[PDB]
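Chemist: Chains as they are written, first to last, in the entry's author numbering: chain D, 28 to 753; chain B, 28 to 753; chain A, 28 to 335; chain C, 420 to 502.
Using N, Cα and C, we set each Cβ at its ideal position, and we do this for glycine too.
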Ligand code: HDD
Ligand code: HDD
Ligand code: HDD
């Protein structure tokens, strides 16, 4: 018995806030959170407590500390089969990572529609507001390996496996509404250009290098998603605070056989929020697991990630009514033209038990659809359909990857397919072919119908010659980038310009930077000029004279394309650093902590060392982390309570904490003599918007602080931060 | 509905004789035959009746006859995910075959001891006669591929997986009591020498080629097993009628820690029986699946394969009491010196459901032992311990092959090993290492003990220098071959000579044949001379003068080494061909079938066409096969009833049936006018031992036939067969 | 032609200081730098300039920008074998990373002894001061994945393959002179304890978590190498400025059959130097490829890494 | 991909073309060819876009599919002419 006698090794099996208890496998942390998929995994869940340690063949091991040798200082013997089994399993633990989105974090949850959608689709999982469908969702970055950092600038994946009663449906989306390229034949080129360069394998998790911008400069179709990635969309605060999109136009098919075109959306109920670049980049060093950690801890705290599924629906007869082609995945459908109709809610409420078994081995593929859905001729979607089945043959070791437990349907599956590596199902059917008489032709085909019918493809008319040709309706590259640019606030536009400027500064061949700037001048001259000024490049008179691309269907902006133009803040689940001193005003700390708790905001008590400090009144304050150990990068706001401020006033870490939080536009609140830190951040005596200050933490101090947190960051501080040495 | 109205598509779920019903998966043929392992496989058995045909993701298929195309004569579309999943699974069905023993046939059963062995071993499965241990047994040839023929001349494997309460123990043996080589380092040399030659990959399932005999001629340690392989041991009648051996000396360890040396035996309760070479060779062309078929149908009929497990036990103090080294796997322990103690019985009573999932994927390995067993320094066994865990990583795809259902232990298994390709178990342990505090160190090591204890190696003393050197005690090659030769009946010696003669005649390089005859002259001059005579080789005076090797501990024979010297014939499960005519004497047929039924012998009614014939009293006799369709090779004896003999008397195929059966030494019985067929096989009017003839098929006629069948073949016939052109 | 007319896309094939030119494949940056191993790879090196783009079966491709479809807005056809070959190869690019030391940076070079060692060893590569042996060296971290950062706190691997005339010798060492554990049977326990924890797969490239310190606390044999890892040895400035060690005692065997015990060392001729923790940790965010980059650029500059 | 272990099966010697082959495909299990191209994508400027596409033509040209006419709905249907 090596556990502490007080039982403190084991986290409580109840919701607890971030940092309050060690994290644990979901079935131990939250044994009563169930759904039909979680329950179906019980056949493979393995416990440990009270069991003997064995080999994989069930033989009990007596001494798991030593190899078998001839003499206690002698050579290891070949006959040690316990050693060799254990080292062999170790030696073959790794499987190939995903070719793209190798870095990702996943959770289980459930989805339910708000009302039946039978009028527009026969998909069973959308047929009844009381039908609950379990989900497994993985969120990811794109470029970096499985061991890369989370808060890089990149697109994010947002992949949802719906375990429906009529089959698995995987909605395999990203967090921006378009992709970089038009036709899947170019996917290896694009991916190779953004991935680490092939001679030296640098850089990891960064588009900031020559080959990515070379390809962008040569393929202007890429510019629209490049605009999104260079905005603060590329650096989300959390997977809970980003949008999701299926990108492609798909079809819904109802029981009468009518097709409606659809694009899929996820709206985050926590709101949209992103980091700023300097914070994101520094956070990749201070905590490369920050998004993975934040998702796991939100679920352990009960701050369940919630998202609303929504559809943009366009009738078949309106296919050609826009200035862009609906089948072109580099174009978005502005919500001002086609609104998102709310469909249902997804809540992620339990972590996995074992990351490798459930996250690493999960296989999502957008070809996994169900009756009631269908594809379109989008030429990027069409090639995706080939890739996601083919890649699993190496990644997951063969054609039986649907028998890996996380991938299994919860509905029935029966067919004539047999064998393959790793075959788990032992088929008893006398027949392995159809048509057969020897088993009365079972299992049997099922005609299509309104419910529980076979899959039949929508009978779309095809007419044309066999060509490798891009549709001319796809040959427009700048109007969507411009619509995105004009829809952003002034501070978002600044962050875009700073994104392009920072990334192009890392491109060693200057002509590439020049070619990118020339493309920017086809989108918007103000953008192009601002980036050029940061790169020391002067636009030519020709460039100054490029006419801007047209409006998109009459629109000159669409505010739903901005993260921040329309307030959607939610403070629940956010966190505040509280910088302690060795004699904290206890009345301040009571008021601060209860106000935060009332709004579901978490706190971390920080000091210059671990252990405890004692408040003016004798209250013992346990310390969560030191100032350097939990930097301001990891919090949303900073509060400094009154007390003995001299204890920390000359602490360089405490001062720099406030300087970093101030640079990154975070709300900062200072009570009583903590206002002596105004000099560290150069705040005027009469104060400034974004800094809460008062004689004590009472009255409206915490409400003012919370109001600032609901607006996420103090954008008005931006011109004040250039001078700050931080 | 495609099944026939009358239900004749589905075999009865009751025991039935070979040929009476179509064969079926074991759980459908014998649903009520149960054991703990078969019951534990219920989680992975999948049915089929009444279920819809789906993709592997659970989506119902409407049309499983057509690809999706643009127009009904148009090109196939990439978006056809149904067709690609089905073709992808097909394209990846095969896995590598086993390096050796790739051809094999398997069944489920159970083992039970006759008495507790706790005085000599603490192995839990041998602790109590009421301990029932499920087994899965795979019988195999050695050289040929998984698609090669069964009745080749070869060594046979006999591998038994015991699913004990203290771990899987695999007894991985062959059907002769020694192996070809002494040290595992030479196994790839020997196996490459016997396998198809590397330039052109010929010959399949045959040792009859230059490289095999080149290795043998240069490595006289092989000669003992080569003598077995050249005897009729090399061509068993059935997996049910051969012996099995573990070959190596292992140890039993009791609760006191005392080690006893043990060699393992399986004694077939159906008796020992083999084919003759011509019959075996021709059977590889008429039915290359004969042993697989015979095993499956025996079990379907309730002719369960039964074997007694036997131990030769040698106390530790007697290690050096023999003329040969107990660790040398090319030496046998004569039963006259150390008797086989009969310790328990194994019954194989259920065929698999799916060959690939349960037989092809089964992994047996002799390093899978349990507490109460241990290894010795036998240098062939020592190297085997490395190979059987290593080879599964490619064959079965990775280190989780114990999770493939058929391989899973039925007792608990818990450890800190994680991940690997197609990981099924989802571990919930917070710890994946020990020692750990965070899960109170579970699962925990267990000290060795008398029951349910951890495995500890027997503390054998090792003293010597690090050397690659063969023990001098292994350097004797001829005395065991000679003891084997002297123990055979005269007809068994003739078949040995004929085996050597036929094989060496296929060696194209004559000096190799000469070098083999020289080795034979070191074993026995009579043998050497008889082989040389058939090869047109004359022994030199030096060869005529080689002194024979010494007796083995005073023995100049041991009849336990002969298949036939001691009567152990059992006719239950054997099969007779009854050659019909278009007017059968029904009284003969009743008397024949009655007497066969009484002894559990099966029959097959044969004619010149399929369909039925009608007997003299009107009984309608259904025909199982034609003369040419079910050759005499496939039966144990032939009976010709009386009736309209002129119907068949000039039938070449019916005459040849009897000539072939007669050449192969099979009993033949002829009733009434069927005695006209005496002329085709040249039998004198007075008759001949092994031909049963009488006026009708009365009761005496059948006892005489059944007595011949209990003696298997009519060996006295051998000098008459030289004249038969068949 | 997409290249700039001034030729500024292509780096000079001469030694240049870090940042002066874009980095390039070895054989194009330093075509005249050769050794027996580098030459022997010429059978499989493949160029590109002036060659047509083809499938892997050697069929020239006319249009590498589009899939084949039925009409220019139509569905992609299964008979597009060019698209499926290209996407199949992409789909199967990745292989499993190394179980440990998955993050590493490598280079070619050569070794030669200062004098013959025939009195203590008959190894051919140590027999003659003028017999040069090619080498390939990979330096690595231990815990993190292939896409983790370079300037973590960790032990570093230092593995040298010597391509000798009497076979390959691999000296597979680390940058500290001992290991954490005594018996290989415990390696999966120790590695599992230091690797990301199994429920949530955190933390990457860091021993700073409960399971590693749990194992340490319960296995005091670890403490020596834990001391080295917590010192600035854990955060070297460059792979050029750390020591290497084989850790184990091995044997040298001379022609007379005498055995001498030996432990192997590499001394960096650039000297020993490490970062400080705040700088190392912030560098994993500002340039997670810092040691990979510094090694490649030192070789491009002519600052060849040398070790005794 | 299973039978020959991955996507570099054209590098097994019997399968290799005797004519030139050059493209932007990289890596995979058992990769033999060591690409020196600074670029592993096209279009690129950093290797002047080599290796380059080739127009179709009478000899030594790029592959182009015959522009057969396709007309019909997306169906899983046997042509009646096959019946
Ligand atoms: C033709 C190839 C191709 C194209 C054009 C795309 N992808 Fe993809 N994608 C892959 C081929 C691929 C892949 C090779 O099949 C991956 C990696 C491994 C896997 O299982 O699938 C994958 C993974 C992958 C994942 C991670 C799934 C997971 O968590 O396991 C997401 C979220 C996306 N992709 C999303 C997209 C979106 C939104 C695209 C454009 C609209 C896109 N993919 C285009
Ligand atoms: C050092 C290597 C080596 C040596 C010396 C032997 N074998 Fe072996 N044997 C193998 C390496 C191997 C193997 C490569 O590991 C096989 C092939 C596939 C498998 O799973 O194991 C195997 C399969 C195999 C099987 C088939 C098991 C099955 O049905 O799947 C049997 C019955 C034997 N062997 C029996 C023997 C006997 C009785 C030996 C000598 C006394 C012997 N083997 C020596
Ligand atoms: C019993 C298992 C075992 C143990 C006890 C060790 N290693 Fe190891 N090592 C491995 C099992 C391993 C491995 C699983 O075999 C690796 C990863 C995959 C590979 O090719 O080798 C490996 C890789 C590996 C590499 C990377 C080689 C490369 O760059 O590819 C280095 C430098 C070391 N190890 C160094 C050590 C040192 C100095 C050890 C202690 C003195 C040590 N290893 C103990």
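So the beta strand (DSSP E) residue 278 of chain D belongs to, where does it begin and stop?
Modeler: In the first chain, counting from the first residue as 1, residue 278 of chain D sits at position 251. First-last of the beta strand (DSSP E) with residue 278 of chain D: 277-280.
Chemist: Distance, Cα to Cα, residue 725 of chain B vs residue 624 of chain B?
Modeler: For the purposes of this step, residue 725 of chain B is identified with residue 698 of the second chain, where counting begins at 1. For the purposes of this step, residue 624 of chain B is identified with residue 597 of the second chain, where counting begins at 1. If I take the Cα positions, the gap works out to 15 Å.
Chemist: For a minimum of 3 consecutive residues, which ranges assigned as the beta strand (DSSP E) are wholly contained in the stretch 108-174 of chain A?
Modeler: 131-138 and 160-167
Chemist: On the DSSP bridge assignment, give the partners of residue 263 of chain D in chain order.
Modeler: As a first step, residue 263 of chain D must be located in the first chain, where it is residue number 236. Looking at the DSSP output, residue 263 of chain D shares a beta bridge with D/301.
Chemist: Please classify residue 227 of chain A: is it buried, with 16 or more other beta-carbons within 10 angstroms of its beta-carbon, or exposed?
Modeler: Counted from its first residue, the third chain places residue 227 of chain A at position 200. Buried is the call here.
Chemist: Return the CA-CA distance between residue 453 of chain C and residue 50 of chain A, expressed in angstroms with no decimal places.
Modeler: One-based indexing of the fourth chain puts residue 453 of chain C at position 34. One-based indexing of the third chain puts residue 50 of chain A at position 23. The alpha-carbon atoms of residue 453 of chain C and residue 50 of chain A are separated by roughly 17 Å.
Chemist: Could one say the Cβ of residue 510 of chain B lies closer than 9 Å to chain C's Cβ atoms, at least one of them?
Modeler: Reading the second chain from its first residue, position 483 is the one you call residue 510 of chain B. For residue 510 of chain B, no Cβ of chain C is located within less than 9 Å of the residue's own Cβ.
Chemist: I want to check one thing, is the minimum distance from the CB of residue 356 of chain B to the heavy atoms of ligand 2 below 8 Å?
Modeler: Sequence index remark: in the second chain, residue 356 of chain B carries index 329 (1-based). Residue 356 of chain B Cβ: within cutoff of ligand 2.
Chemist: Quick one: residues in its chain with C-beta nearer than 7 Å to the C-beta of residue 596 of chain D, no 5 flanking neighbours on either side, listed in chain order?
Modeler: Position 569 of the first chain, counting from 1, holds the residue named residue 596 of chain D. Cβ within range, chain order: 298, 737, 738 and 739.
Chemist: What does residue 483 of chain C touch in chain A if you count any residue whose Cβ is under 8 Å from its own?
Modeler: Position 64 of the fourth chain, counted from the first residue, corresponds to residue 483 of chain C. Neighbours of residue 483 of chain C on chain A, chain order: 89 and 90.
Chemist: Closest to residue 31 of chain A by CA distance: which of D/710, D/540, D/603 and D/332 is it?
Modeler: Looking up residue 31 of chain A in the third chain gives position 4. Closest by alpha carbon: D/540.
Chemist: Of all the CB atoms in chain D, is at least one closer than 9 Å to the CB of residue 71 of chain A?
Modeler: By 1-based counting over the third chain, the position of residue 71 of chain A is 44. Using beta-carbon distances, residue 71 of chain A does not count as an interface residue toward chain D, since no partner is under 9 Å.
Chemist: If you compare alpha carbons, which of B/262, B/683, B/272 and B/374 is closest to residue 296 of chain B?
Modeler: Counting from 1 along the second chain, the entry for residue 296 of chain B is found at position 269. With distances taken between Cα atoms, residue 296 of chain B lies closest to B/374.
Chemist: Considering just the uninterrupted stretch of the beta strand (DSSP E) at residue 533 of chain D, what are its terminal residues?
Modeler: Numbered from its first residue, the first chain carries residue 533 of chain D at position 506. Per DSSP, residue 533 of chain D belongs to no beta strand (DSSP E) and is neither H nor E.
Chemist: Hey, is the stretch 454-473 of chain B in contact with the stretch 87-96 of chain D, meaning 3+ C-beta pairs nearer than 8 Å?
Modeler: Segments in contact, yes.
Chemist: What is the DSSP secondary structure of residue 201 of chain D, counted as helix, strand or coil?
Modeler: Taking the first chain and counting its residues from 1, one reaches residue 201 of chain D at position 174. Three-state result, residue 201 of chain D: strand.
Chemist: Any heavy atom of ligand 2 closer than 8 Å to the CB of residue 503 of chain C?
Modeler: There is simply no residue 503 of chain C to check, as chain C begins at 420 and stops at 502 in what is shown.
Chemist: Which whole-angstrom value describes the C-beta separation of residue 110 of chain A and residue 468 of chain C, a residue pair presumed to lie in contact below a C-beta threshold of 8 Å?
Modeler: Within the third chain, the letter at position 83 stands for residue 110 of chain A. Within the fourth chain, the letter at position 49 stands for residue 468 of chain C. About 20 Å separates the two Cβ atoms, so there is no contact after all.
Chemist: Looking at residue 404 of chain D and residue 486 of chain C, is the spacing between their C-beta atoms short of 9 Å?
Modeler: To locate residue 486 of chain C, count along the fourth chain from 1; it is residue 67. To locate residue 404 of chain D, count along the first chain from 1; it is residue 377. Contact flag unset, no.
Chemist: Do you know how far the Cα of residue 522 of chain D is from the Cα of residue 334 of chain D?
Modeler: The residue you call residue 334 of chain D lines up with position 307 of the first chain. The residue you call residue 522 of chain D lines up with position 495 of the first chain. Computed Cα separation, rounded: 26 Å.
Chemist: Looking at the structure shown, is residue 271 of chain B part of a helix, part of a strand, or coil, going by DSSP?
Modeler: Counting from one through the second chain, the residue named residue 271 of chain B turns up at place 244. Three-state DSSP puts residue 271 of chain B in a strand.
Chemist: Compute the distance between the beta-carbons of residue 23 of chain B and residue 654 of chain B, then report whether it is under 9 Å.
Modeler: Absent from the structure is residue 23 of chain B, since the part of chain B shown begins at 28 and ends at 753.
Chemist: Report buried or exposed for residue 451 of chain B, applying the criterion of at least 16 other Cβ atoms within 10 angstroms of its Cβ.
Modeler: The count along the second chain starts at 1 and reaches residue 451 of chain B at position 424. Buried, by the Cβ-count rule.
Chemist: Does the beta-carbon distance from residue 271 of chain A to residue 290 of chain A come in below 9 Å?
Modeler: Taking the third chain and counting its residues from 1, one reaches residue 271 of chain A at position 244. Taking the third chain and counting its residues from 1, one reaches residue 290 of chain A at position 263. No.
Chemist: Across which residues does DSSP place residue 400 of chain D in a beta bridge pair?
Modeler: The residue labelled residue 400 of chain D in the question sits at position 373 within the first chain. Partner(s): D/279.
Chemist: Would you say the beta carbon of residue 414 of chain B comes nearer than 8 Å to a heavy atom of ligand 4?
Modeler: This structure lacks ligand 4; the ligands present are ligand 1, ligand 2 and ligand 3.
Chemist: Would you please state the rounded distance, in angstroms, between the beta carbons of residue 43 of chain A and residue 328 of chain A? I believe it to be under 8 Å.
Modeler: In the third chain, counting from the first residue as 1, residue 43 of chain A sits at position 16. In the third chain, counting from the first residue as 1, residue 328 of chain A sits at position 301. Between residue 328 of chain A and residue 43 of chain A the Cβ distance is about 7 Å, and since that is below 8 Å, they are a contact.
Chemist: Would you say residue 467 of chain D lies against chain B (beta-carbon separation less than 9 Å)?
Modeler: Numbered from its first residue, the first chain carries residue 467 of chain D at position 440. By this cut-off, residue 467 of chain D is an interface position.
Chemist: Buried or exposed for residue 637 of chain D, going by 16 or more other Cβ atoms inside 10 Å?
Modeler: Position 610 of the first chain holds residue 637 of chain D. Per the 10 Å Cβ criterion, exposed.
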